[PDB]
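To begin, one chain is listed below as structure tokens, in the form solved without the partner chain.
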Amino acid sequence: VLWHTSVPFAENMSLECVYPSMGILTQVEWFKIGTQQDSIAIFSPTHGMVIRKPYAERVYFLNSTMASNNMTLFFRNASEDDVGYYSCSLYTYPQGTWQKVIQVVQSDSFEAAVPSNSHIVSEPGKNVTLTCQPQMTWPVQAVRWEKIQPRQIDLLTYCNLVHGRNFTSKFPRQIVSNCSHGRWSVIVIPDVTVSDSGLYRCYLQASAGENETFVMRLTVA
């Protein structure tokens, strides 16, 4: 998993999956994630797209140009059973397999759930350093950084400090994240553009006193 987003449920929701040119694309496959993966569609760069029968009347794709790299999944009339986790799996040569995970949640604008704890104004071209606000004697089990927009959360990184594997987002842009050594608290956004404006959230999952967070608004001139 190199890319993890969350989007609100809608009857006409589209699950964005645009792959960066990286080597040769050899196959794409869409899955509904559960304990067992449910295949939605499979794409050949030679023979085209096959939608699995349970989804034949429920999803479609755009007739976008080849160099658009667009595998975005579109729902006709989505229903409550289409809530959950999705996988857009990219198979490339010689780099290998990578996966984008998209979670469909029941939700309003993701900005509405978060009031900013902080505001920073920067200019394009500068690196922007963001920090968590570690507090307690309570051990931090997990740390996660997200970029928040009204229609989309981009999971930038998470560090499991007690158990599990870590995650660092590649795509769409570079996130400087390390996790090791009590510097899970800091990330850098190198060379910001206006499109980097938005809300940035650090969530701290602790042991007994779990669940604390810090939001900061970035505004690029």
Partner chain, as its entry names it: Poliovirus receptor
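Note that the rigid core is defined as the largest set of C-alphas that superpose within 1.5 Å between two forms. Residue numbers count along the first chain shown, from 1.
This next part talks about the form solved in complex with the partner chain, which is not shown.
- A heavy atom within 4.5 Å of the partner chain in the deposited bound form is found for one listed residue only; from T131, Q149, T72, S107, this is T131.
- Using a 4.5 Å cut-off to the partner chain in the deposited bound form, each of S116, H119 and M136 places a heavy atom inside that distance.
- Residues of 192-216 that come within 4.5 Å of the partner chain in the deposited bound form, judged by any heavy atom, reduce to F214 alone.
- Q95 is the only residue from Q149, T131, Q95, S118 whose Cα shifts by 2 Å or more between this form and the one not shown, the rigid core being superposed.
- Superposition on the rigid core between this form and the one not shown places the CA atom of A10 less than 2 Å from its counterpart.
- For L25, the Cα coordinates differ by 2 angstroms or more between this form and the one not shown after the core has been superposed.
- Superposition on the rigid core between this form and the one not shown places the CA atom of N178 less than 2 Å from its counterpart.
- Between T129 and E111, the C-alpha separation grows by 3 Å or more in the deposited bound form, relative to the conformation displayed.
- Note: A112-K100 Cα separation is 3 Å or more shorter in the deposited bound form than here.
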